[PDB]
$ cat data_39.txt   # compact mmCIF, C-alpha atoms and all ligand atoms
# COMPACT_ATOMS: atom_id res chain seq x y z
CA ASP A 1 -4.27 -0.30 -11.01
CA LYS A 2 -7.26 1.08 -9.10
CA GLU A 3 -6.88 -1.79 -6.63
CA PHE A 4 -3.41 -0.77 -5.46
CA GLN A 5 -4.70 2.77 -4.93
CA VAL A 6 -7.57 1.42 -2.82
CA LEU A 7 -5.64 -1.05 -0.68
CA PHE A 8 -3.14 1.80 -0.31
CA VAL A 9 -5.61 4.32 1.13
CA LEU A 10 -7.12 1.69 3.44
CA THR A 11 -3.60 1.08 4.72
CA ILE A 12 -3.02 4.82 5.10
CA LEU A 13 -6.16 5.26 7.21
CA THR A 14 -5.27 2.10 9.14
CA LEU A 15 -1.78 3.43 9.92
CA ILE A 16 -3.24 6.86 10.75
CA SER A 17 -5.57 5.38 13.36
CA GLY A 18 -2.65 3.64 15.06
CA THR A 19 -0.30 6.63 15.02
CA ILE A 20 -2.93 8.78 16.73
CA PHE A 21 -3.86 6.10 19.28
CA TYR A 22 -0.31 5.23 20.36
CA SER A 23 0.90 8.84 20.26
CA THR A 24 -2.03 9.69 22.50
CA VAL A 25 -2.77 6.70 24.75
CA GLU A 26 0.73 5.25 25.10
CA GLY A 27 2.62 8.54 24.82
CA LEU A 28 4.90 7.63 21.92
CA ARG A 29 6.40 10.18 19.54
CA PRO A 30 4.42 10.41 16.28
CA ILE A 31 7.19 8.72 14.29
CA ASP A 32 7.51 6.05 16.99
CA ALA A 33 3.78 5.37 17.08
CA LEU A 34 3.90 4.96 13.30
CA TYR A 35 6.80 2.50 13.49
CA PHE A 36 5.12 0.43 16.16
CA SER A 37 1.95 0.44 14.07
CA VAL A 38 3.90 -0.76 11.05
CA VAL A 39 5.93 -3.49 12.76
CA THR A 40 2.92 -5.01 14.53
CA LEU A 41 0.73 -5.25 11.42
CA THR A 42 3.48 -6.72 9.23
CA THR A 43 4.14 -8.98 12.24
CA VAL A 44 7.83 -8.01 12.38
CA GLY A 45 7.29 -6.75 15.92
CA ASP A 46 9.14 -4.25 18.15
CA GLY A 47 11.93 -5.51 20.40
CA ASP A 48 12.36 -2.26 22.35
CA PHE A 49 8.74 -1.63 23.36
CA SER A 50 5.33 -3.05 24.27
CA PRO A 51 2.02 -1.33 25.16
CA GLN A 52 2.19 -0.30 28.81
CA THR A 53 -1.47 0.65 29.33
CA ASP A 54 -4.21 -1.97 29.35
CA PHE A 55 -6.00 0.32 26.90
CA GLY A 56 -3.06 0.09 24.50
CA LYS A 57 -2.99 -3.67 24.96
CA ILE A 58 -6.65 -4.20 24.07
CA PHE A 59 -6.48 -1.77 21.15
CA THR A 60 -3.44 -3.60 19.82
CA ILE A 61 -5.39 -6.85 20.06
CA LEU A 62 -8.31 -5.72 17.90
CA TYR A 63 -5.84 -3.71 15.83
CA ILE A 64 -3.81 -6.80 14.89
CA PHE A 65 -6.98 -8.68 13.88
CA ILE A 66 -8.49 -6.03 11.62
CA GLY A 67 -5.05 -5.21 10.26
CA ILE A 68 -2.87 -8.22 9.40
CA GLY A 69 -5.38 -9.07 6.69
CA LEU A 70 -5.41 -5.79 4.75
CA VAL A 71 -1.76 -4.85 5.36
CA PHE A 72 -0.36 -8.01 3.79
CA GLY A 73 -2.83 -7.72 0.94
CA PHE A 74 -1.09 -4.47 0.03
CA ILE A 75 2.21 -6.33 0.41
CA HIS A 76 1.11 -9.09 -1.96
CA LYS A 77 -0.28 -6.81 -4.68
CA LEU A 78 2.30 -4.03 -4.21
CA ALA A 79 4.53 -6.71 -5.68
CA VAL A 80 2.26 -8.87 -7.84
CA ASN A 81 1.01 -6.09 -10.12
CA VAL A 82 3.61 -3.42 -9.38
CA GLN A 83 7.00 -4.78 -8.32
CA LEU A 84 6.71 -7.74 -10.69
CA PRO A 85 6.05 -6.28 -14.15
CA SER A 86 8.73 -3.77 -13.17
CA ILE A 87 11.24 -6.59 -12.73
CA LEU A 88 9.99 -8.58 -15.72
CA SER A 89 10.59 -5.49 -17.83
CA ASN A 90 14.27 -5.41 -16.86
CA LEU A 91 14.83 -9.03 -17.87
CA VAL A 92 13.49 -8.95 -21.43
CA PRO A 93 16.47 -9.40 -23.81
CA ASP B 1 15.65 -22.58 -12.59
CA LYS B 2 16.31 -19.07 -13.92
CA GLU B 3 13.62 -17.78 -11.55
CA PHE B 4 15.43 -18.83 -8.38
CA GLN B 5 18.57 -17.13 -9.68
CA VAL B 6 16.61 -13.93 -10.29
CA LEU B 7 14.67 -13.78 -7.02
CA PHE B 8 18.02 -14.62 -5.43
CA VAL B 9 19.91 -11.64 -6.87
CA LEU B 10 17.01 -9.29 -6.08
CA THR B 11 17.24 -10.52 -2.50
CA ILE B 12 21.02 -10.05 -2.52
CA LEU B 13 20.72 -6.42 -3.66
CA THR B 14 17.88 -5.90 -1.19
CA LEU B 15 19.98 -7.24 1.69
CA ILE B 16 22.98 -5.22 0.47
CA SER B 17 21.02 -1.97 0.61
CA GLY B 18 20.02 -2.67 4.21
CA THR B 19 23.47 -3.71 5.41
CA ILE B 20 24.96 -0.47 4.09
CA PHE B 21 22.16 1.71 5.48
CA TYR B 22 22.14 0.27 9.00
CA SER B 23 25.94 -0.04 9.18
CA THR B 24 26.09 3.62 8.21
CA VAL B 25 23.03 5.40 9.61
CA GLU B 26 22.44 3.33 12.75
CA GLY B 27 26.07 2.43 13.39
CA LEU B 28 25.70 -1.35 13.48
CA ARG B 29 28.52 -3.76 12.66
CA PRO B 30 28.26 -5.06 9.07
CA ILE B 31 27.25 -8.54 10.25
CA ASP B 32 24.74 -7.01 12.67
CA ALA B 33 23.21 -4.76 10.03
CA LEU B 34 22.82 -7.84 7.83
CA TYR B 35 21.11 -9.81 10.61
CA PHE B 36 18.71 -6.99 11.38
CA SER B 37 17.98 -6.69 7.67
CA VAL B 38 17.24 -10.41 7.48
CA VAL B 39 15.07 -10.70 10.60
CA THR B 40 12.90 -7.69 9.71
CA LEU B 41 12.14 -8.82 6.15
CA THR B 42 11.34 -12.41 7.13
CA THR B 43 9.32 -10.79 9.94
CA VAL B 44 11.12 -12.79 12.65
CA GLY B 45 12.24 -9.52 14.21
CA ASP B 46 15.11 -8.55 16.54
CA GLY B 47 14.56 -8.67 20.31
CA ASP B 48 17.82 -6.95 21.24
CA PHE B 49 17.60 -3.87 19.01
CA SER B 50 15.43 -1.28 17.26
CA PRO B 51 16.34 1.67 14.99
CA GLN B 52 17.40 4.55 17.21
CA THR B 53 17.48 7.33 14.59
CA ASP B 54 14.28 8.65 13.01
CA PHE B 55 16.08 8.15 9.70
CA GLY B 56 16.53 4.45 10.46
CA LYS B 57 12.89 4.23 11.50
CA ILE B 58 11.52 5.69 8.27
CA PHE B 59 13.90 3.66 6.12
CA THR B 60 12.83 0.51 7.94
CA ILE B 61 9.21 1.42 7.21
CA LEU B 62 9.61 1.68 3.44
CA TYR B 63 12.13 -1.16 3.64
CA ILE B 64 9.59 -3.57 5.16
CA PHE B 65 7.02 -2.69 2.48
CA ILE B 66 9.24 -3.15 -0.57
CA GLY B 67 10.83 -6.20 1.03
CA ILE B 68 8.40 -8.62 2.71
CA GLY B 69 6.97 -9.33 -0.73
CA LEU B 70 10.14 -10.36 -2.57
CA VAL B 71 11.91 -11.98 0.39
CA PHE B 72 9.15 -14.50 1.07
CA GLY B 73 8.85 -15.18 -2.64
CA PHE B 74 12.40 -16.49 -2.50
CA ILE B 75 11.37 -18.47 0.59
CA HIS B 76 8.42 -20.04 -1.22
CA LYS B 77 10.29 -20.99 -4.39
CA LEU B 78 13.60 -21.80 -2.66
CA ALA B 79 11.51 -24.68 -1.39
CA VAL B 80 8.86 -25.29 -4.07
CA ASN B 81 11.25 -25.91 -6.96
CA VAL B 82 14.46 -26.54 -5.02
CA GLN B 83 13.94 -27.97 -1.53
CA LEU B 84 10.98 -30.07 -2.68
CA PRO B 85 12.23 -32.16 -5.62
CA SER B 86 15.30 -32.68 -3.44
CA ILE B 87 13.14 -34.25 -0.74
CA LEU B 88 10.90 -36.11 -3.19
CA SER B 89 14.03 -37.68 -4.63
CA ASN B 90 14.98 -39.16 -1.24
CA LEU B 91 11.58 -40.80 -0.78
CA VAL B 92 11.32 -42.75 -4.04
CA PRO B 93 11.57 -46.48 -3.18
CA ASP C 1 -1.37 -39.09 5.66
CA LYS C 2 2.18 -40.03 4.68
CA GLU C 3 2.82 -36.37 3.87
CA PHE C 4 2.24 -35.14 7.43
CA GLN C 5 4.62 -37.83 8.68
CA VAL C 6 7.27 -36.66 6.22
CA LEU C 7 6.98 -32.91 6.76
CA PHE C 8 6.96 -33.83 10.45
CA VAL C 9 10.29 -35.68 10.43
CA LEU C 10 11.91 -32.96 8.29
CA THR C 11 10.79 -30.49 10.94
CA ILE C 12 12.13 -32.73 13.70
CA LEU C 13 15.58 -32.93 12.09
CA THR C 14 15.43 -29.20 11.38
CA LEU C 15 14.64 -28.42 15.03
CA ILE C 16 17.30 -30.92 16.16
CA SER C 17 20.00 -29.15 14.16
CA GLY C 18 19.11 -25.83 15.78
CA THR C 19 18.91 -27.15 19.34
CA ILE C 20 22.40 -28.62 19.04
CA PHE C 21 23.87 -25.53 17.38
CA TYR C 22 22.49 -22.98 19.84
CA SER C 23 23.08 -25.18 22.88
CA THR C 24 26.66 -25.53 21.71
CA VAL C 25 27.68 -22.31 19.94
CA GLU C 26 25.56 -19.79 21.84
CA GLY C 27 25.53 -21.63 25.16
CA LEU C 28 21.77 -21.87 25.64
CA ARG C 29 20.08 -24.57 27.70
CA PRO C 30 18.73 -27.40 25.51
CA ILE C 31 15.12 -26.36 26.13
CA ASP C 32 16.04 -22.72 25.46
CA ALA C 33 17.85 -23.54 22.23
CA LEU C 34 14.75 -25.44 21.13
CA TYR C 35 12.46 -22.51 21.93
CA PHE C 36 14.64 -20.05 20.08
CA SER C 37 14.74 -22.46 17.14
CA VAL C 38 10.95 -22.68 17.16
CA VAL C 39 10.18 -18.97 17.52
CA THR C 40 12.59 -17.92 14.76
CA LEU C 41 11.30 -20.39 12.16
CA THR C 42 7.63 -19.64 12.84
CA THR C 43 8.75 -15.99 12.76
CA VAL C 44 7.24 -15.26 16.19
CA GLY C 45 10.69 -14.26 17.41
CA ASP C 46 12.32 -14.05 20.86
CA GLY C 47 12.09 -10.80 22.82
CA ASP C 48 14.53 -11.81 25.56
CA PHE C 49 17.46 -12.98 23.42
CA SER C 50 19.46 -12.66 20.20
CA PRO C 51 22.53 -14.56 18.92
CA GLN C 52 25.60 -13.07 20.58
CA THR C 53 28.30 -14.78 18.49
CA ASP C 54 28.83 -13.88 14.83
CA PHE C 55 28.74 -17.63 14.22
CA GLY C 56 25.26 -17.83 15.72
CA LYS C 57 24.19 -14.82 13.65
CA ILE C 58 25.28 -16.31 10.32
CA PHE C 59 23.85 -19.72 11.16
CA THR C 60 20.54 -18.09 12.07
CA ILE C 61 20.58 -16.33 8.70
CA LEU C 62 20.90 -19.48 6.60
CA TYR C 63 18.73 -21.26 9.16
CA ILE C 64 15.81 -18.87 8.64
CA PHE C 65 16.05 -19.26 4.85
CA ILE C 66 16.09 -23.06 4.71
CA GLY C 67 13.51 -23.21 7.48
CA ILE C 68 10.60 -20.77 7.13
CA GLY C 69 9.56 -22.69 4.04
CA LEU C 70 9.28 -26.20 5.48
CA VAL C 71 8.14 -25.18 8.97
CA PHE C 72 5.05 -23.34 7.78
CA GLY C 73 4.30 -26.14 5.35
CA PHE C 74 3.85 -28.38 8.38
CA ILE C 75 1.70 -25.62 9.89
CA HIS C 76 -0.52 -25.46 6.82
CA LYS C 77 -1.03 -29.21 6.43
CA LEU C 78 -1.04 -29.99 10.17
CA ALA C 79 -4.32 -28.13 9.91
CA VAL C 80 -5.54 -28.69 6.35
CA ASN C 81 -5.61 -32.49 6.47
CA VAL C 82 -5.46 -33.02 10.23
CA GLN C 83 -6.95 -30.19 12.28
CA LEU C 84 -9.69 -29.58 9.71
CA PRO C 85 -11.45 -32.92 9.20
CA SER C 86 -11.22 -33.17 12.99
CA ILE C 87 -13.24 -29.97 13.33
CA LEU C 88 -15.58 -30.77 10.45
CA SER C 89 -16.39 -34.03 12.22
CA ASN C 90 -17.59 -32.17 15.32
CA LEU C 91 -19.97 -29.98 13.34
CA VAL C 92 -21.95 -32.63 11.48
CA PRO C 93 -25.51 -32.64 12.89
CA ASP D 1 -21.29 -16.82 7.24
CA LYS D 2 -21.39 -19.88 9.49
CA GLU D 3 -17.68 -20.38 8.79
CA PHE D 4 -16.60 -17.08 10.35
CA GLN D 5 -18.65 -17.93 13.43
CA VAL D 6 -16.91 -21.30 13.68
CA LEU D 7 -13.32 -20.17 13.11
CA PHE D 8 -14.20 -17.41 15.57
CA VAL D 9 -15.22 -19.72 18.43
CA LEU D 10 -12.22 -21.99 17.81
CA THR D 11 -10.05 -18.89 18.16
CA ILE D 12 -11.91 -17.87 21.32
CA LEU D 13 -11.31 -21.25 22.96
CA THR D 14 -7.72 -21.19 21.71
CA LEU D 15 -7.12 -17.76 23.25
CA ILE D 16 -8.92 -18.84 26.44
CA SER D 17 -6.59 -21.80 26.90
CA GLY D 18 -3.56 -19.53 26.63
CA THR D 19 -4.86 -16.81 28.95
CA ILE D 20 -5.49 -19.38 31.67
CA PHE D 21 -2.14 -21.14 31.18
CA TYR D 22 0.03 -18.01 31.19
CA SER D 23 -1.96 -16.31 33.96
CA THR D 24 -1.46 -19.45 36.01
CA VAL D 25 1.89 -21.01 35.07
CA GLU D 26 3.86 -17.87 34.18
CA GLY D 27 2.08 -15.53 36.58
CA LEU D 28 0.97 -12.89 34.08
CA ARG D 29 -2.03 -10.64 34.58
CA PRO D 30 -5.11 -11.92 32.71
CA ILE D 31 -4.94 -9.09 30.17
CA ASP D 32 -1.19 -9.67 29.78
CA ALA D 33 -1.58 -13.40 29.28
CA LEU D 34 -4.16 -12.64 26.60
CA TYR D 35 -1.85 -10.21 24.82
CA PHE D 36 1.05 -12.63 24.85
CA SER D 37 -1.29 -15.33 23.54
CA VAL D 38 -2.39 -13.03 20.72
CA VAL D 39 1.04 -11.76 19.67
CA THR D 40 2.61 -15.24 19.58
CA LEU D 41 -0.11 -16.82 17.43
CA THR D 42 -0.24 -13.95 14.94
CA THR D 43 3.57 -14.18 15.06
CA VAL D 44 3.96 -10.48 15.92
CA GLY D 45 5.74 -11.49 19.11
CA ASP D 46 6.34 -9.76 22.47
CA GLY D 47 9.47 -7.63 22.92
CA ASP D 48 9.07 -7.12 26.67
CA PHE D 49 8.60 -10.74 27.77
CA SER D 50 9.36 -14.43 27.21
CA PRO D 51 8.22 -17.56 29.09
CA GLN D 52 10.39 -17.93 32.18
CA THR D 53 9.35 -21.45 33.23
CA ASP D 54 10.33 -24.50 31.18
CA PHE D 55 6.66 -25.45 31.42
CA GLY D 56 5.66 -22.19 29.76
CA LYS D 57 8.32 -22.73 27.11
CA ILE D 58 7.11 -26.20 26.12
CA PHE D 59 3.46 -25.15 26.19
CA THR D 60 4.28 -22.20 23.95
CA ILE D 61 5.98 -24.60 21.55
CA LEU D 62 2.98 -26.88 21.07
CA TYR D 63 0.76 -23.81 21.35
CA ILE D 64 2.40 -22.10 18.36
CA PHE D 65 2.05 -25.26 16.25
CA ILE D 66 -1.64 -25.94 16.90
CA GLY D 67 -2.37 -22.21 16.70
CA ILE D 68 -0.67 -20.37 13.83
CA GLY D 69 -2.80 -22.42 11.46
CA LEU D 70 -6.27 -21.63 12.80
CA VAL D 71 -5.53 -18.06 13.94
CA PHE D 72 -4.46 -16.85 10.50
CA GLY D 73 -7.38 -18.68 8.93
CA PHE D 74 -9.64 -16.37 10.91
CA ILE D 75 -7.45 -13.48 9.71
CA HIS D 76 -7.83 -14.50 6.07
CA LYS D 77 -11.60 -15.03 6.14
CA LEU D 78 -12.34 -12.22 8.62
CA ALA D 79 -11.29 -10.16 5.63
CA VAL D 80 -12.15 -12.27 2.57
CA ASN D 81 -15.86 -12.67 3.31
CA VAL D 82 -16.32 -9.90 5.87
CA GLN D 83 -13.89 -6.99 5.50
CA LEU D 84 -13.96 -7.25 1.70
CA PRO D 85 -17.62 -7.04 0.67
CA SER D 86 -17.79 -4.26 3.26
CA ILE D 87 -15.14 -2.31 1.35
CA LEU D 88 -16.49 -3.24 -2.08
CA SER D 89 -19.83 -1.83 -0.98
CA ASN D 90 -18.29 1.58 -0.29
CA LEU D 91 -16.72 1.80 -3.75
CA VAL D 92 -19.78 1.17 -5.92
CA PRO D 93 -20.61 4.44 -7.74
K K A 101 6.15 -12.72 12.01
K K A 102 7.96 -11.30 14.98
K K A 103 13.66 -6.87 24.30

$ encode --input "data_39.txt" --output "structure tokens"
Amino acid sequence: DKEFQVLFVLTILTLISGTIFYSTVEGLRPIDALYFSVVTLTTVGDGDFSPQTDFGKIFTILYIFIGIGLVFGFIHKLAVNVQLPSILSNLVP
Amino acid sequence: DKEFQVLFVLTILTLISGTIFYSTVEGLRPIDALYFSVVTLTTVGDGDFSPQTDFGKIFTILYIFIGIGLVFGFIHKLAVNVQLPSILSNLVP
Amino acid sequence: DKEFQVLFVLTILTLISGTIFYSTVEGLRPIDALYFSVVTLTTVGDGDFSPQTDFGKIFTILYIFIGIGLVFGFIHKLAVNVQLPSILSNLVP
Amino acid sequence: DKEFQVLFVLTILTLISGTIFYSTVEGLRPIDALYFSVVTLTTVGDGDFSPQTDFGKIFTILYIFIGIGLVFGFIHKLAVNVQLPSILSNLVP
């Protein structure tokens, strides 16, 4: 319960950092900087864009390292203790 | 047995939601909307396309979150209790 | 020991199927069809290309499902019981 | 403690090998070769570029195999025993 809330806020602040960086350093639109931030951390990736400034490239490097860990954690638990009991509850005869 | 069937139907409805959204909001061909839906959730990604409407971008965001969890689950078990005993059965002398 | 060899041959036959399909249906060069096959299953993805025939798109769909499971398994164990004792052996004082 | 340092240096040497290969064989700028090396191993991928020489393609193949294992290991533990106690320490009332 209080672990989803935590790993949620840490993901919010993580995504906030990226949206400000890319919307500032790389010149993306806020919504675009958010998307890029989301697709890189979940490792989906963006097919239409890549960081054009060496600054953006180095940030993205450290960003991926500090991020892939905590972003997927929220993906695991967002299901494990949230999406799961919700789907178990629909099965029960 | 009845867990593969479940995580299968939840993946069907998940993929259905995406195919309708992208084929409607982003204007992709049904088969294309399906592909995009599949490559984003398995995190492979699409190199030829990215959501062009801010609507599609936000949907994809929430879509990736609610999806990467249950899609890989079907990938894990589709093997664990299906692909595996099938390959163990071919080894037995 | 005999588990790396197995998950290795299953990955060989998996990669072989893809290289023939893409080099035939999509018209890629053998080496290119192999690369695409490798980057899609490890979920890295290809930024320069996507299946252009609906046949290639549907194959890739089923291909990703039957594949991401067994390809990463070889990635896990290729390290766990191969890359690891090799690196533990270099540490020992 | 001494396991983060290890999996860190193995990732440094891994990333070094790639940066030299791509900056030499594919003709990327050092910083670009590094980025590509990072995005392929974490499976994020690059949307703006793909290996253009068959040499680069085959290297990338073996590179992804020997790499995805040890790179994510550093991602797991970089959090587990580093990012985690750091975040647990901020919660304590
Ligand atoms: K990925
Ligand atoms: K990717
Ligand atoms: K592209």

$ residues_near_ligand --input "data_39.txt" --ligand "ligand K 101 (chain A)" --cutoff "6 Å" --atoms "all atoms listed in the file" --output "compact mmCIF listing (two decimals) with C-alpha atoms, in the coordinates of the input"
# COMPACT_ATOMS: atom_id res chain seq x y z
CA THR A 43 4.14 -8.98 12.24
CA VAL A 44 7.83 -8.01 12.38
CA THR B 43 9.32 -10.79 9.94
CA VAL B 44 11.12 -12.79 12.65
CA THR C 43 8.75 -15.99 12.76
CA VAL C 44 7.24 -15.26 16.19
CA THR D 43 3.57 -14.18 15.06
CA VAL D 44 3.96 -10.48 15.92

$ residues_near_ligand --input "data_39.txt" --ligand "ligand K 103 (chain A)" --cutoff "12 Å" --atoms "all atoms listed in the file" --output "list in words"
residues 45, 46, 47, 48, 49 and 50 of chain A; 45, 46, 47, 48, 49 and 50 of chain B; 45, 46, 47, 48, 49 and 50 of chain C; 45, 46, 47, 48, 49 and 50 of chain D

$ residues_near_point --input "data_39.txt" --point "(10.9, -21.8, 21.8)" --cutoff "12 Å" --atoms "all atoms listed in the file" --output "JSON, numbers by chain"
{"C": [15, 18, 19, 22, 28, 29, 30, 31, 32, 33, 34, 35, 36, 37, 38, 39, 40, 41, 42, 43, 44, 45, 46, 47, 48, 49], "D": [40, 45, 50, 51, 52, 53, 54, 55, 56, 57, 58, 59, 60, 61, 62, 63, 64, 65]}

$ atom_distance --input "data_39.txt" --atom1 "atom K of ligand K 102 (chain A)" --atom2 "atom CA of residue 14 of chain C"
19.7 Å

$ residues_around --input "data_39.txt" --residues "residue 88 of chain B" --least-positions-apart "5" --cutoff "12 Å" --atoms "only C-alpha atoms" --output "list in words"
residues 79, 80, 81, 82, 83 and 93 of chain B; 3, 6, 7 and 10 of chain C

$ closest_residue --input "data_39.txt" --among "B:91, B:25, B:16, B:70" --to "chain A" --atoms "all atoms listed in the file"
B:70

$ closest_residue --input "data_39.txt" --among "C:66, C:20, C:12, C:84" --to "chain B" --atoms "all atoms listed in the file"
C:66

$ atom_distance --input "data_39.txt" --atom1 "atom CA of residue 90 of chain D" --atom2 "atom CA of residue 13 of chain A"
14.7 Å

$ axis_aligned_box --input "data_39.txt" --around "segment 72-90 of chain C" --padding-each-side "4 Å" --output "JSON"
{"center_x": -6.3, "center_y": -28.7, "center_z": 10.3, "size_x": 30.6, "size_y": 18.7, "size_z": 18.0}

$ closest_residue --input "data_39.txt" --among "D:74, D:68, D:26, D:1" --to "chain C" --atoms "only C-alpha atoms"
D:68

$ atom_distance --input "data_39.txt" --atom1 "atom CA of residue 27 of chain C" --atom2 "atom CA of residue 67 of chain C"
21.4 Å
